[PDB]
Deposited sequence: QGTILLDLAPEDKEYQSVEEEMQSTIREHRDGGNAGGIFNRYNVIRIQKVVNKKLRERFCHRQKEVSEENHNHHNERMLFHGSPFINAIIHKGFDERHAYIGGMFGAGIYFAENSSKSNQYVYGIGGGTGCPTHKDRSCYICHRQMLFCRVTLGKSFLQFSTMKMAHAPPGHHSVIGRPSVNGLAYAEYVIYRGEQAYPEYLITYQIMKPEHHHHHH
């Protein structure tokens, strides 16, 4: 049937919950805003629920992970940012299209970290039209996803990895003095479901 995008109304508590998580998880980064831009809030202009009967591939894998993890799939809602959001919502996450950065699909609990990836690694060259990484005009997109972490392997760097170590299902790169915030990585596209599609703009500091 394909993906059906359902619009959430801002007066719906599901809409508010999603925006709140995004707006409150904004943190300042050490790069002076070079990658994701300079801003204190987002102008959330749209939130759509992604419906794709993907859910099954996702639920199936979740069962495998659970058996393998003492009946604990260890789900977390996390943000994802990359230049391939539209492909993802239709075809699902795919580890074959993966790219420091290893060969995994990255997620973050802080929206501002995922915003740095919207136009690519380090923000790339910025938006296609103005080639500005701090564009306040162009609409950006990011996903708030269900991520099956199962047994996570914790470490200080992930540029090295291609797969989760034995007995594990995800890799969490953590802060050193190295990273500033945690990054969650999976190596199988089916361990993540693109629950919400957020359309937004970063707003200039008032």
{"property": "Gaps in the model (deposited sequence, numbered from 1)", "result": "54, 101-103, 182, 212-217"}
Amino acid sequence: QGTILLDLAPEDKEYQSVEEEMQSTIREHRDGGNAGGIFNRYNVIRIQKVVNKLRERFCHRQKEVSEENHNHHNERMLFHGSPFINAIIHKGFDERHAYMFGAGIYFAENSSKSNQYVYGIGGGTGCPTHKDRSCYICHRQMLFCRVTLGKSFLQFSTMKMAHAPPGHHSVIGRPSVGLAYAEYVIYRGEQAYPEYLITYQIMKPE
From here on, numbers count along this sequence of modelled residues.
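Between two forms, the rigid core is defined as the largest C-alpha subset superposing within 1.5 Å.
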{"item": "Divergent stretch in 6 other deposited structures of this protein, 64-72 or 156-164 [C-alpha RMS, superposed by the core]", "value": "156-164"}
{"item": "Higher C-alpha RMS shift from the shown form in 6 other deposited structures of this protein - 167-175 or 43-51, rigid core fit", "value": "167-175"}
{"item": "Residue gap status of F101, at least a third of other entries", "value": "no"}
{"item": "Given 42-50 and 58-66, the range whose Cα B-factors average higher in the PDB entry", "value": "58-66"}
{"item": "Greater mean Cα temperature factor according to the PDB record, 8-16 or 185-193", "value": "8-16"}
{"item": "Per the PDB entry, maximal CA B factor within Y136, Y119, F93, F101", "value": "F101"}
{"item": "C-alpha B-factor winner, where the candidates are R146, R174, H169, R140", "value": "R174"}
{"item": "Modelled-residue ranking by C-alpha temperature factor, third containing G37", "value": "lowest"}
{"item": "Lowest, middle or highest third - CA B-factor, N71", "value": "highest"}
